[PDB]
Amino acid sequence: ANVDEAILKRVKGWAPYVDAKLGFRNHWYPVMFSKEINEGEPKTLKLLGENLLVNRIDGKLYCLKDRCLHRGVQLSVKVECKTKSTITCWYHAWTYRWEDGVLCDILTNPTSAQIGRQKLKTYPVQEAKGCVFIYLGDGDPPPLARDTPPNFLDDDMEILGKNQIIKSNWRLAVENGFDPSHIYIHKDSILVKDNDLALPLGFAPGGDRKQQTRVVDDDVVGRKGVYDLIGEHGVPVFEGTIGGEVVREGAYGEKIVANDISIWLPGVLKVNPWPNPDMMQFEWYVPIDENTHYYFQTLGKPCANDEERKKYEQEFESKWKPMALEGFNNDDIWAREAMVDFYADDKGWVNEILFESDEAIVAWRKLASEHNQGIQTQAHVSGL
């Protein structure tokens, strides 16, 4: 597998998840924004450890594996698209069609028997809400809705976001995001103060284990996720004490937000409402390789017309993006990086000492282990 068998045997509750160091194969993943790739201008990227090339031909997106079948070089070292529908390797000129990856010509040996008998791996690509999703999997893809949080694809939902590469395994990003008690790191958030938001330091759980979360095994669209319900019977903590004496307090804002938090396979978090009562935040932690992920952030707001979308776009660039996506979430970034060492040798998955609020994370680990569509392995990446 991807992890020492001795460790996998130990984590009987969620071995597939611990083994999924490279992410889950056979799911859709957003990797860039539509306006980032123009007609006839191939773009490179790495997803689930695989180097890919994406091109826009006649407005439509196509995805080919960035690895020549011949000597395994990346075609992108020197891109040569000699006809609108093909790409020619810069080394010995093996030429492939973007449409189906078939080897259709070899400039240096036009009559080779390999022509029409070899095919470069291709992956489905779909655009939605200005986002570019790639189905990193085999066979016919399921509807995109299965791998997106509820409402993301709503007709009136206006989506704007930001994307960047963060140095941590995708799972550490997922868990931090869905961690009920991690809000402690945001106690000094400027956003919280300026937007007058109510933000406790944490929650004293109430009720039984089962009431702490709400697991969704299937919307009519087949999505799988978990809602964090620690606040349904829990007591929000606003005064932090040590030895019985107050040493810290939470935010007593009047605006109540983020009362709806859910994590969905393949790894996208939905926080609603946030950062404002009329908005929603959806963020993906896309696996690039075992040590890196794309932190694909998006903010949604229902807009009924071109005027509202224009206004939203304005507040996004001037306020939400800088104050929320960057200001508030920047703390999440270094928090993720801080867990790298403990989990790097895979030992942290055994030595971690969890407490009550981690019930949410446990539910996610079990959901992911039970309903993922496949474990990406090194064999998929290279493999002989």
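Note that residue numbering begins at 1 and tracks the sequence as displayed.
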Open item on the list: Can you tell me whether 23-31 has a higher mean C-alpha B factor than 315-323 in this record, or the other way round?
Closed with: 315-323
TODO: Would you mind comparing 163-171 and 193-201 for me and telling me which has the higher average C-alpha temperature factor in the entry?
DONE: 193-201
TODO: Compare the CA B factors listed in the entry for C303, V77, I87, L269 and report the winner.
DONE: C303
TODO: Can you pull the Cα B-factors for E283, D228, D289, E249 from the entry and say which is highest?
DONE: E249
Open item on the list: Split into thirds by Cα B-factor across the chain's modelled residues, where does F238 land: lowest, middle or highest?
Closed with: highest
Task: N38, C-alpha B-factor rank within chain (lowest, middle or highest third) - done: highest
- [ ] Determine, from the deposited record, the chain-internal third of the Cα B-factor for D66: lowest, middle or highest.
- [x] lowest
Open item on the list: Using the temperature factors of the C-alpha atoms in this entry, rank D341 within its chain: lowest, middle or highest third.
Closed with: middle
Task: Ranked C-alpha temperature factor of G13 among modelled chain residues, by third - done: highest
